[PDB]
Amino acid sequence: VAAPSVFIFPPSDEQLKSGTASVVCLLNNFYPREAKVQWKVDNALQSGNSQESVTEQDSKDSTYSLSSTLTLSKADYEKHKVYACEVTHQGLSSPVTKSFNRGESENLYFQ
């Protein structure tokens, strides 16, 4: 098994203004067909609040790719700030942990 790269990004500036925050994660050509990307926000896993469709393998190189759609409420995301996504499967839990803060760093006292 070989866990590909993982990239996560917050919803559009105006997107959140709509009254709901939606996180998106880009998955790279994975090995195992059971490649599922996990959601993580401010050290909080997002289970149930995510639903995306499967993408067909390319043709130029018969490659593979998948994307996840996270659906969160405006207030829900307001409490969070960090966004990270990692791929999971029979192989390893996660190859590389990629996260980023939207409001402030996670090295301060309680708020």
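In the PDB header, solution NMR is given as the technique by which the entry was determined.

Draft legend 1. Local environment of the overall build of the chain. Across its full length, the chain carries two helices and nine strands. Reading the secondary structure of the chain in the N-to-C direction produces β-α-β-β-β-β-β-β-α-β-β. With respect to the three principal axes, the spread of C-alpha positions in the chain is 45 × 30 × 25 Å. Across the 111 residues of the chain, 29% fall into the buried class. Counting only contacts in the chain whose residues sit at least 6 apart along the sequence, the fraction spanning at least 24 positions is 61%. In the form shown here, the chain has an accessible surface area of approximately 7,800 Å², with 47% of it arising from carbon and sulfur atoms. Each charge class in the chain can be summarised by its mean position, and for the 10 positive and 13 negative side chains these summaries are 4 Å apart.

Draft legend 2. Examining the state of the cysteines more closely. All chains considered together, the criterion is met by one disulfide. Shown here is the disulfide that connects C25 with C85, its sulfur atoms set 1.8 Å apart. Here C25 is found in strand β3 (residues 24-27), whereas its partner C85 is found in strand β8 (residues 82-88), with 60 residues between them in sequence. Under the relative-accessibility criterion, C85 is labelled buried at 1%.

Draft legend 3. Seen up close, the environment of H89. With respect to the helices and strands, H89 occurs in the loop between β8 and β9 (99-101). Classification of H89 as buried rests on a relative accessible area of 12%. Setting aside chain neighbours within four positions, we find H89 in contact with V1, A2, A3, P32, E34 and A35.

Calculation rules
Residues numbered from 1 in each chain as written, not as in the entry; some residues may be left out. Heavy atoms only, no water. Helix = DSSP H or I, 4+ residues; strand = E, 2+ residues; numbered from the N terminus. Buried < 20%, exposed > 50% of the residue type's maximum accessible area, 1.4 Å probe, protein only. Contact = heavy atoms within 4.5 Å. Areas by Shrake-Rupley, 256 points an atom, 1.4 Å probe, with all protein chains shown as cover. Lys, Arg positive; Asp, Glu negative; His and termini not counted. Charge placed at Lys NZ, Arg CZ, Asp CG, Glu CD. Disulfide = S-S within 2.5 Å.

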